[PDB]
Amino acid sequence: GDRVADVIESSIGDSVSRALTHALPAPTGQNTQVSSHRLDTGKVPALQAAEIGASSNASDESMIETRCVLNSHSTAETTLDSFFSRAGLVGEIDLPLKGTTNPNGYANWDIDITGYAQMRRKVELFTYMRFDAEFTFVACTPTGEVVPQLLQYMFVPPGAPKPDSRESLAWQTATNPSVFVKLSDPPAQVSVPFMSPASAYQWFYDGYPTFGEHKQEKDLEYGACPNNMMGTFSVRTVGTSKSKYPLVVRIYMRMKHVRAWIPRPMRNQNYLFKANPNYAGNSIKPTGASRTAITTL
Amino acid sequence: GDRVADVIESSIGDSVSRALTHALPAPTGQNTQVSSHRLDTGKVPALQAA
Amino acid sequence: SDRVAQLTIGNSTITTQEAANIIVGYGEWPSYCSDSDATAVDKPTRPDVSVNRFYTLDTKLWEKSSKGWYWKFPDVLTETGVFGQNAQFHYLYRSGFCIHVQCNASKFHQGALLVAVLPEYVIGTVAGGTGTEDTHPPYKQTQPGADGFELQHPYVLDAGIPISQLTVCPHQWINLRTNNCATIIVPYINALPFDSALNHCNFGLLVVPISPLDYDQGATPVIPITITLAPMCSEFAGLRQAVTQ
Amino acid sequence: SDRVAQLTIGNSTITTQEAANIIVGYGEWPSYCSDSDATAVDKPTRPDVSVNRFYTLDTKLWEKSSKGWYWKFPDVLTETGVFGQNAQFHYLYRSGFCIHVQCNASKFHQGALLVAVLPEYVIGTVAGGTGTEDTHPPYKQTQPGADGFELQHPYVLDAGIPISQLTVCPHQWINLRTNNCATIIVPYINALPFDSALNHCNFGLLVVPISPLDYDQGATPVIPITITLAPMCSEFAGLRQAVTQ
Amino acid sequence: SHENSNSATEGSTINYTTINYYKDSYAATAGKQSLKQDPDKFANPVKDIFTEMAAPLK
Amino acid sequence: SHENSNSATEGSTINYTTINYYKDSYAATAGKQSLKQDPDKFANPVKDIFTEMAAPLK
Ligand SMILES: CCO/N=C/c1ccc(OCC[C@@H](C)CCN2CCN(c3ccncc3)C2=O)cc1
Ligand SMILES: [Cl-]
Ligand SMILES: [Cl-]
């Protein structure tokens, strides 16, 4: 039991996150109301105090005489799903014949979509994101040609054996999900759930993944968070002999059922690496176009 | 007829000259009322803003 | 009646006679983790008053040429008071914060500081200048401790992002002709119910002069900026021996 | 709450944080001419928003030796904006006005301007100095246009009348230690329901320093006085070709 | 359709309307969602809110 | 079918009958429309209409 007053009247423990604001429906843009000339002392909408940290609450109606306008412009196209549920390139896998990279008939792709600017800049607008996704795999030769080749794609989650060759025992794929398809067939396409161990993936992790002294050698792990590492995507020509043709697989991702939290300033310097926000120091450019003077267009 | 909102709610045309003051009768000079010492903070008749 | 305020929590009280309201980050107050969101099974410890109080950690000098600084939470308190001890003895930690940046001058000084909070504030390097070197920021820079760290390139917040858009984050301004402090309440922000106070900095505090300090020869030239902050609804779990990193 | 104000009319808005209330000339608001007072039979045109708005016409510099100036209504707007056009195309015109004289300084400057409105402000000449010459003021002086005209002998308002009694007219003062603007609403004043905006100036605006401007070497010496005004309830009738005078 | 509730948006304030042919909910289309929005969360997160006609600092 | 009302003819006097399989209405077939027509709009837009048996100019 609890008998001492400070304990009874304590707030220690309420899990109810009291919120100052709530969402209202807004299918269309706000209408404009008729307004007239106001010559008052005391009331002053135009004057603000930006130091407070809130945006101006001054409206059209109070700054000029307005007419009535019934605004039925839709706000549907700016929802997260409308913005993100458009498939874009996030990975390329090369399977050349007599080359340097993969002359063995197979390839392992670390599942990381940060190798392409377009898609990357979009998702990096938010800090945390939770979503399902539709992946489409387009394959063809380097000339965009289609040939009668059978391929096998396999998802190798963290902990599963990564194939070390075109003939690796791992391709038995008894538990991992695999897809067999011909280049002649249409692009393979599957749905992928939200697989993180966290409640959301995060494009930014200001921290280290483990304890201990964080000496120079291990500074490569700064910002690396396992909750964002979903695994490996392996592909191979299905055979015991080298394929007769060189191949390329372009991976497209289309997010769906999206939720995001914490907006961030949008990237304004060229991207350099997948794992970090490093930018070219001798080449810091302004965010946009510049002009000769502040008094001339 | 008038259908557009700004026209309905318009003031264009009122001939009524709204006045801030009106005349009261005053046949004689104003009387003087008894008054006592006031030592208040807040109330300040003597101070003006010409 | 909005320019005057008092913040009392624990055995500490702050006063200001030139405030500009209070910001409550993302519109919500700090709160303890519910039994639904929680996942770890051990009963947490909630020290309350011994740790949820105002700690005044550091003072910087504002100069006509200052670039701006940043501090990281909870990195700043990990070695201070009873809060620090709990952060070290426990694996798991979570709390909110009440931040109060102070900076007063005179009615003849001018200048404006942008005080903001940026969740998951990852730092980048200039990549060897040419962008061909894959360098990484050292521990001393990602977790600067109480001393904070000075920004190298404010325009891009040392992370390839425009400071012009930093206002999309909870923030206030300290415009010397208007107020002498900023106050921001921040709730726990993370994709997990609890986390390590040591390996993960939930957010960063940025204090950057957007409008340079100025005054005439003869006015006090030493204008300090002091950082005071208080954890809120601190919870700790996963007890063991003390660990500093 | 009386020192702060906002005037919005048309597509124009004025703000002030150091006002001293608002004067409504002779205690009554501008209003359109009633069907009883009217005499001309043609249906008038009432442009509304395109002409009843704030026009900022002129700026003068206040100096330790300035004498004071005057402007005439509606002469000041006859060649400006849509209002001017209507004044030119129509024989008949009538309207009220909202006048807002602006002049700010610093808490270290001093001085007081008397801002008044004088109906039927007829100008006189010094009659050859001896009073034996029956001279008359030239068009440029009776209707100075937007540039206004400087008073020759303020004490007698260039018309043989004491400025000491000018306060018997709608007015306000701009006392630098108190306010930085004067606002006066004026209704149509005339012995006829409508009249020519060209041949007749219903009233004059006078801005005269009664207490001379002063300050110490080193304070901004350029102290402007800007005149902004807005017609109210403008009505025009008797359309024909445009005429400038 | 009686399937598995494994969509990323299961238990979300915004009501979705989708199509699906598999036992797993995340395989469904993106569909249409509710058009609610809360600007104040980011544009006006002040403790004591001020009115449009008042002087923000008093 | 509960979809988006983004067809070019949404809010049109002529009643359409169409088929569709997507959430967006404009993806629908052309269908059949109402057979109303108003010739007079172009062939007889006179202010004061005259009868067939009368002398048009009187
Ligand atoms: C039969 C084989 O078919 N399987 C296809 C497949 C496709 C995608 C799969 O997982 C995709 C997971 C991605 C949506 C995760 C992308 N993310 C999550 C956050 N993140 C990231 C990257 C770099 N820094 C921080 C976060 C990412 O790159 C798994 C299998
Ligand atoms: Cl200590
Ligand atoms: Cl013009």
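A short reminder: the numbers here are calculations on the coordinates, not readings from a lab. Don't worry about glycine lacking a Cβ; one is built from the backbone with ideal geometry, like all the others, and counts go over all protein chains shown.
Only one residue in D:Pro231, D:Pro221, D:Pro209 is without any contact (Cβ under 8 Å) to a residue 60 or more places away in the chain and touching a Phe, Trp or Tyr at 6+ places or on another chain (Cβ under 9 Å), so which one is that?
On the way: D:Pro231 fails: without any contact (Cβ under 8 Å) to a residue 60 or more places away in the chain; D:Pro209 fails: without any contact (Cβ under 8 Å) to a residue 60 or more places away in the chain.
After ruling out the rest, the residue left standing is D:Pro221.
Consider A:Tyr222 carefully, then state whether it is crowded, with 17+ Cβ neighbours inside 10 Å and within 25 Å of C:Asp37 (Cα to Cα).
Values: crowded, with 17+ Cβ neighbours inside 10 Å: yes; within 25 Å of C:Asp37 (Cα to Cα): no.
Against the criterion (crowded, with 17+ Cβ neighbours inside 10 Å and within 25 Å of C:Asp37 (Cα to Cα)), A:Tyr222 does not qualify.
Does the stretch D:133-141 contain at least one residue that is buried (at least 16 other Cβ atoms within 10 Å of the Cβ), in contact (Cβ under 8 Å) with a residue 12 or more places away in the chain, under 19 Å from D:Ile227 (Cα atoms) and polar (S, T, N, Q)?
The answer is no, given that none of the residues of the stretch D:133-141 is buried (at least 16 other Cβ atoms within 10 Å of the Cβ), in contact (Cβ under 8 Å) with a residue 12 or more places away in the chain, under 19 Å from D:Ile227 (Cα atoms) and polar (S, T, N, Q).
Scanning for something more than 8 Å from chain C (Cβ to nearest Cβ), of a type in the set (S, T, N, Q) and either surrounded by fewer than 21 Cβ atoms within 10 Å (Cβ to Cβ) or in contact with a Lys or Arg (Cβ under 8 Å, 6 or more places away or on another chain) (or both), does the stretch A:210-217 turn up at least one residue?
Looking for residues that are more than 8 Å from chain C (Cβ to nearest Cβ), of a type in the set (S, T, N, Q) and either surrounded by fewer than 21 Cβ atoms within 10 Å (Cβ to Cβ) or in contact with a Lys or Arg (Cβ under 8 Å, 6 or more places away or on another chain) (or both), one finds none in the stretch A:210-217, hence no.
Could you grab me the full set of residues in the stretch A:178-213 that are in contact with an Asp or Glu (Cβ under 9 Å, 6 or more places away or on another chain) and among the β-branched types (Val, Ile, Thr)?
Listed by number, the residues that qualify are A:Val190, A:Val192, A:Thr210.
Conditions (1) within 16 Å of ligand 3 (Cβ to nearest atom); (2) touching a residue at least 60 places away in the same chain (Cβ under 8 Å); (3) closer than 28 Å to B:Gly13 by Cα; (4) touching a helix residue (DSSP H, G or I) at 6+ places or on another chain (Cβ under 7 Å), marked per residue:
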{"position": "D:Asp42", "(1), (2), (3), (4)": "no, yes, yes, no"}
{"position": "D:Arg46", "(1), (2), (3), (4)": "no, yes, yes, no"}
{"position": "D:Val51", "(1), (2), (3), (4)": "yes, yes, yes, yes"}
{"position": "D:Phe54", "(1), (2), (3), (4)": "yes, yes, yes, no"}
{"position": "D:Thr59", "(1), (2), (3), (4)": "no, yes, no, no"}
{"position": "D:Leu77", "(1), (2), (3), (4)": "yes, yes, yes, yes"}
{"position": "D:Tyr91", "(1), (2), (3), (4)": "no, yes, yes, no"}
{"position": "D:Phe97", "(1), (2), (3), (4)": "no, yes, yes, no"}
{"position": "D:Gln102", "(1), (2), (3), (4)": "no, yes, no, no"}
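Looking only at residues that are surrounded by fewer than 18 Cβ atoms within 10 Å (Cβ to Cβ) and touching a residue at least 24 places away in the same chain (Cβ under 8 Å) in the stretch A:233-243, which one is nearest to ligand 3 (Cβ to nearest atom)? Quick ask: steps written out before the conclusion?
Of the stretch A:233-243, the ones surrounded by fewer than 18 Cβ atoms within 10 Å (Cβ to Cβ) are A:238-242.
Right, trim to touching a residue at least 24 places away in the same chain (Cβ under 8 Å) and you get A:238-240, A:242.
Working: A:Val238: 80, A:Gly239: 83, A:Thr240: 88, A:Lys242: 82 Å.
So, considering only residues that are surrounded by fewer than 18 Cβ atoms within 10 Å (Cβ to Cβ) and touching a residue at least 24 places away in the same chain (Cβ under 8 Å), the one nearest to ligand 3 (Cβ to nearest atom) is A:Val238.
Tell me the strands (runs of 3 or more DSSP E) entirely within the stretch A:97-194 that contain at least 2 residues that are within 14 Å of chain E (Cβ to nearest Cβ), within 23 Å of A:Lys274 (Cα to Cα) and not basic (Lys, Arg). Spell out the reasoning first.
Numbers: elements: A:106-110, A:126-140, A:150-156, A:178-182, A:188-192.
Result: A:126-140.
Scan the stretch C:145-154 residue by residue and report those that are surrounded by fewer than 21 Cβ atoms within 10 Å (Cβ to Cβ) and part of a loop (DSSP other than H, G, I, E, B). Quick ask: steps written out before the conclusion?
Filtering the stretch C:145-154 for residues surrounded by fewer than 21 Cβ atoms within 10 Å (Cβ to Cβ) gives C:145-147, C:149-150, C:152-154.
Hits for the stretch C:145-154 are C:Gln152, C:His153.
Please name all residue pairs, on different chains or six or more residues apart, with Cβ atoms under 8 Å, provided the first residue is in the stretch A:189-208 and is on the phi > 0 side of the Ramachandran plot and the second residue is of a type in the set (A, V, I, L, M, F, W, C) and in a strand (DSSP E or B).
none
Is it true that A:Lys285 is loosely packed, with under 15 Cβ neighbours inside 10 Å, under 17 Å from the mean Cα position of the chain (by Cα) and assigned to a loop (DSSP other than H, G, I, E, B)?
Values: loosely packed, with under 15 Cβ neighbours inside 10 Å: yes; under 17 Å from the mean Cα position of the chain (by Cα): no; assigned to a loop (DSSP other than H, G, I, E, B): yes.
Against the criterion (loosely packed, with under 15 Cβ neighbours inside 10 Å, under 17 Å from the mean Cα position of the chain (by Cα) and assigned to a loop (DSSP other than H, G, I, E, B)), A:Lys285 does not qualify.
With E:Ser12, E:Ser25, E:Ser7 as the choices, which residue is more than 8 Å from chain A (Cβ to nearest Cβ) and closer than 30 Å to F:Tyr21 by Cβ? Can you show your working first?
On the way: E:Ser12 fails: more than 8 Å from chain A (Cβ to nearest Cβ); E:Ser7 fails: more than 8 Å from chain A (Cβ to nearest Cβ).
Exactly one residue qualifies, and that residue is E:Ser25.
Are there any pairs with C-beta distances below 7 angstrom linking a residue in the stretch E:30-58 that is of a type in the set (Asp, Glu) to a residue that is crowded, with 19+ Cβ neighbours inside 10 Å and assigned to a helix (DSSP H, G or I), with the two at least 6 apart or on different chains, and if so which?
E:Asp40/C:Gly27; E:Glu52/A:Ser62
Within the stretch A:67-76, identify whether any single residue is in contact (Cβ under 8 Å) with a residue 24 or more places away in the chain and assigned to a strand (DSSP E or B), and answer yes or no. Give the derivation first.
First, the residues of the stretch A:67-76 that are in contact (Cβ under 8 Å) with a residue 24 or more places away in the chain: A:67-76.
Okay, now just the ones that are also assigned to a strand (DSSP E or B), so A:69, A:74.
The answer is yes; a qualifying residue exists.
Just wondering, is there one or more residues in the stretch D:155-166 that are assigned to a helix (DSSP H, G or I) and of a type in the set (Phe, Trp, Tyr)? Working first, answer last.
Step one: of the stretch D:155-166, the residues assigned to a helix (DSSP H, G or I) are D:155-156, D:163-166.
Imposing the further condition that a residue be of a type in the set (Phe, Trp, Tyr) reduces the set to D:155.
The answer is yes, given that some residue of the stretch D:155-166 is assigned to a helix (DSSP H, G or I) and of a type in the set (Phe, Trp, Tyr).
Which of the residues belonging to the stretch D:104-126 are more than 17 Å from D:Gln172 (Cα to Cα), in contact with an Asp or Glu (Cβ under 6 Å, 6 or more places away or on another chain) and in contact (Cβ under 8 Å) with a residue 60 or more places away in the chain? Break it down into steps so the answer makes sense when it comes.
Step one: filter the stretch D:104-126 for residues more than 17 Å from D:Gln172 (Cα to Cα), giving D:105-109, D:120-126.
Restricting the remaining residues to those that are in contact with an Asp or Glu (Cβ under 6 Å, 6 or more places away or on another chain) gives D:123.
Residues satisfying the conditions do not exist here.
From the residues in the stretch C:114-136 that are in contact with a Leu (Cβ under 7 Å, 6 or more places away or on another chain) and at the interface with chain A (Cβ under 7 Å from one of its Cβ atoms), which one is nearest to C:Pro154 (Cα to Cα)?
C:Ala127
One line per residue, one yes/no per condition, for (1) farther than 20 Å from B:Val16 by Cβ; (2) among the acidic types (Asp, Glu):
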{"position": "D:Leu7", "(1), (2)": "yes, no"}
{"position": "D:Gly10", "(1), (2)": "yes, no"}
{"position": "D:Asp37", "(1), (2)": "no, yes"}
{"position": "D:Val49", "(1), (2)": "yes, no"}
{"position": "D:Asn52", "(1), (2)": "no, no"}
{"position": "D:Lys64", "(1), (2)": "yes, no"}
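What's the total number of residues in the stretch A:8-45 that are in a loop (DSSP other than H, G, I, E, B) and either surrounded by 17 or more Cβ atoms within 10 Å (Cβ to Cβ) or within 7 Å of another protein chain (Cβ to nearest Cβ) (or both)? Give the derivation first.
Filtering the stretch A:8-45 for residues in a loop (DSSP other than H, G, I, E, B) gives A:9-18, A:20-23, A:26-27, A:29-31, A:33-37, A:42-45.
Then keep just the ones that are either surrounded by 17 or more Cβ atoms within 10 Å (Cβ to Cβ) or within 7 Å of another protein chain (Cβ to nearest Cβ) (or both); that gives A:12-18, A:20-23, A:26-27, A:34-37, A:42-45.
Adding up the residues that qualify gives 21.
Filter the stretch D:78-87 for residues that are crowded, with 19+ Cβ neighbours inside 10 Å and over 15 Å from the mean Cα position of the chain (by Cα); which is farthest from D:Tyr215 (Cα to Cα)? Break it down into steps so the answer makes sense when it comes.
Just the residues of the stretch D:78-87 that are crowded, with 19+ Cβ neighbours inside 10 Å, to begin with: D:78, D:83-84, D:86-87.
Still in the running and over 15 Å from the mean Cα position of the chain (by Cα): D:83-84, D:86-87.
Details: D:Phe83: 40, D:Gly84: 40, D:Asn86: 45, D:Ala87: 43 Å.
Here the answer is D:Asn86.
Kindly provide the set of residues from the stretch A:46-58 that are within 7 Å of another protein chain (Cβ to nearest Cβ) and either surrounded by fewer than 16 Cβ atoms within 10 Å (Cβ to Cβ) or in a loop (DSSP other than H, G, I, E, B) (or both), ordered by number. Before the answer, list the steps.
In the first step, residues of the stretch A:46-58 are kept if they are within 7 Å of another protein chain (Cβ to nearest Cβ); the result is A:46-55, A:57-58.
Once the filter is applied, which keeps residues that are within 7 Å of another protein chain (Cβ to nearest Cβ) and either surrounded by fewer than 16 Cβ atoms within 10 Å (Cβ to Cβ) or in a loop (DSSP other than H, G, I, E, B) (or both), the stretch A:46-58 yields A:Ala46, A:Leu47, A:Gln48, A:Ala49, A:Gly53, A:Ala54, A:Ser55, A:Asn57, A:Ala58.
Of all residues in the stretch E:39-58 being touching a strand residue (DSSP E or B) at 6+ places or on another chain (Cβ under 7 Å) and in a loop (DSSP other than H, G, I, E, B), which is farthest from C:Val117 (Cα to Cα)?
Going through the qualifying residues, I end up with E:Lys47.
Tell me yes or no: at least one residue of the stretch D:206-222 is surrounded by 14 or more Cβ atoms within 10 Å (Cβ to Cβ) and closer than 18 Å to D:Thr45 by Cα. Give the derivation first.
Here is the first cut: in the stretch D:206-222, the ones surrounded by 14 or more Cβ atoms within 10 Å (Cβ to Cβ) are D:206-210, D:213, D:215.
If we keep only those that are closer than 18 Å to D:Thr45 by Cα as well, we get none.
No, that holds for no residue.
Restricting the search to the stretch A:284-297, which residues are more than 7 Å from chain C (Cβ to nearest Cβ), within 16 Å of C:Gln152 (Cα to Cα) and of a type outside the set (D, E, K, R)? Spell out the reasoning first.
Initially, the stretch A:284-297 is screened for residues more than 7 Å from chain C (Cβ to nearest Cβ), giving A:285-286, A:288-297.
From what's left, within 16 Å of C:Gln152 (Cα to Cα): A:285-286.
Residue satisfying the conditions is A:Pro286 alone.
Looking at C:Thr56, is it under 26 Å from E:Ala54 (Cα atoms), away from every other protein chain (no Cβ under 11 Å) and not basic (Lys, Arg)?
no
What is the number of the single condition among (1) facing chain A (nearest Cβ under 9 Å); (2) among the hydroxyl-bearing types (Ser, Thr, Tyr); (3) within 16 Å of ligand 2 (Cβ to nearest atom) that C:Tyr139 does not meet?
All conditions pass for C:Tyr139, except number (3).
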